[PDB]
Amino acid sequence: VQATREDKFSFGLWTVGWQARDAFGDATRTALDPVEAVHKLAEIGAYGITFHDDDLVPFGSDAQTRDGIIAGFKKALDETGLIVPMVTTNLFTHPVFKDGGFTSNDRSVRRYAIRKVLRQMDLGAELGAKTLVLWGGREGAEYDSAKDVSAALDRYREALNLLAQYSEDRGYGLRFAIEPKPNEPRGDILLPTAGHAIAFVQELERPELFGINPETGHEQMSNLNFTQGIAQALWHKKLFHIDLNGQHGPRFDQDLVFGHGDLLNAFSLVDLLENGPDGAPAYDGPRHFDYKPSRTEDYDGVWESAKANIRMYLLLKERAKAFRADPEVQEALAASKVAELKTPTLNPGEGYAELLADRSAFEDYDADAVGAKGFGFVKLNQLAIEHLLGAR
């Protein structure tokens, strides 16, 4: 399998560029040049690159430096044909954001965090980015009495409403994607799951401009089913972007290559995104990898890991397609009544009164008899794993 620009694989500059300085050790790799990253990614098949303001322009560069950097990066994109589908802002690294950006208890920090993002929005718009991802990594707490959650959601909302106002007024046409994470680096982060993030967005001034950027590992850190979470996000039409990676349950954020953590869930996920209604994907945006090349690797291992993400995604896609195309799967699906869930429970024009008058729905219903029929779900599941395994 080979990647095409239509696959829409994107990578964050901070992914292949991670120097591997973890919580217990020093960096094991040297810094990666943005221009070189552009060339190497173009080379392995990516269609786009993303970055945090501070990944491209060192925090505190003068305008002369900032400008030179932007010019060079812009050239590289030019020469390679890579686009910038999304940009994000770093509101977590600098010590000033130790209690958050938008929700820091310190008012001055909140004013500053907003300005930092407005600026990144400008650059984003200039490079043609369409999505602004917001990962509130420091919004949250270690102790319950330290953060008024209500006040915090008010301030989170105040800040986002201004951002949409600005984008709309400047005609940027950005979409905003809130990225949920349950913990790390704060003891607990606000808007911990895809669900909490969706509920929150529904309360903004222009909710139509807002959605989520869920990440595989983030939902897995809570032992949640990532595919089912995405399915819900799709039902709401709030899946604006997606970060793919691997994780092994509730533990520190691993950021493994996509499919190197929960493989079975990685499979059902590609199936969901690609085998959409009427053949077409159910999702049209970037297939963004927010992962980290393991600390035990060098630059060779880095490029290898970048390609492993693409490989994993295309090998799974290939098996999801075959799963669905298999007449034996098709028969097991019918036996399990998976599609019967699509038929309304109620008949056309039927309401409570017609339902209450239907004796077959209650008075004459044989619950014991229906309760004994099997659904044949183990067999259908075994058919899926055999396709995954390349055994069918």
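Residues carry their position along the shown sequence, with the first being 1.
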item	value
Greater mean Cα temperature factor according to the PDB record, 241-249 or 203-211	203-211
Stretch exceeding the other in mean C-alpha B-factor - 275-283, 89-97	275-283
Highest recorded Cα temperature factor - choice among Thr50, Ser336, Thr345, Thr65	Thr65
Maximum C-alpha temperature factor, selected from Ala322, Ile198, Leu127, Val149	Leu127
For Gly376, the third of its chain into which the C-alpha B factor falls	lowest
Chain third (lowest, middle, highest) by recorded CA B-factor, residue given as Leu389	middle
Relative C-alpha B-factor of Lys292, binned into the chain's lowest, middle or highest third	middle
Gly136 by Cα B-factor - lowest, middle or highest third of the modelled chain	middle
Third assignment of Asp122 from its chain's C-alpha B-factors	middle
